[PDB]
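Trainee: I'd like to ask you about the structure that follows.
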Amino acid sequence: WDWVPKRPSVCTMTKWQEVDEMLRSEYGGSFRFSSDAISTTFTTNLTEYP
Amino acid sequence: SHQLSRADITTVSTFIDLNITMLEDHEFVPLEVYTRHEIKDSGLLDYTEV
């Protein structure tokens, strides 16, 4: 078989959704990401994920 | 002396204002994290295909 480098060949996370308008709000020491296109809301901590 | 239109005299409001707007109609689309085919494909070997 043809050999390819490991790092640019595999992905442990896969792109699922693209959101044009995902409103971000800061509330209760958390970030709320709300999308009306998919009617979906996520809650995250205020700190970035490296 | 003369006649006057109703608009000629400034009016003070004797009504208390109450503003209500309706809830907007929303549409929920079919959205799944993983489909049936992706979950089936997750397996490394399939006995039937092999």
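Taken together, the values in this text are just the output of simple stated rules run on the coordinates, not laboratory data. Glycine gets a Cβ as well: all are built from the backbone with ideal geometry, and neighbour counts include every protein chain shown.
Trainee: At 0.36 nm per residue, minus the direct Cα-Cα distance, what do A:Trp16 and A:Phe33 gain on full extension? Give it in nm, one decimal, please.
Mentor: Separation in residues times 0.36 nm, less the Cα-Cα distance, equals 4.6 nm.
Trainee: Could you order peptides B:29-41, B:11-23 by the average number of other Cβ atoms within 10 Å of their residues, highest first?
Mentor: Sorting B:29-41, B:11-23 by mean packing, highest first, produces B:29-41, B:11-23.
Trainee: For B:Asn19 and A:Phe42, what is the calculated FRET efficiency with R₀ set at 41 Å and r taken between the beta-carbons, to the nearest 0.05?
Mentor: So, using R0 = 41 Å, E works out to roughly 0.80.
Trainee: At 10 °C and a viscosity of 1.306 mPa s, what translational diffusion coefficient does Stokes-Einstein give for chain B, taking Rh as the Kirkwood radius over Cα pairs? Give it in µm²/s as a whole number. Mind showing how you got there, number by number?
Mentor: Details: Rh = 19.4 Å.
In µm²/s, the coefficient rounds to 82.
Trainee: Another one. With the Cα gyration tensor of chain A in hand, give its eigenvalues times 5 under a square root as the equivalent ellipsoid semi-axes, listed largest first in whole angstrom.
Mentor: 33, 16, 7
Trainee: Please arrange B:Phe28, A:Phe42, A:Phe31 by counting, for each residue, the other beta carbons lying within 10 Å of its beta carbon, fewest first.
Mentor: By the 10 Å Cβ count, ascending: B:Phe28, A:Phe42, A:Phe31.
Trainee: So what's Rg/Rh here for the protein assembly as shown, counting alpha carbon atoms and using the Kirkwood radius for Rh?
Mentor: 1.37
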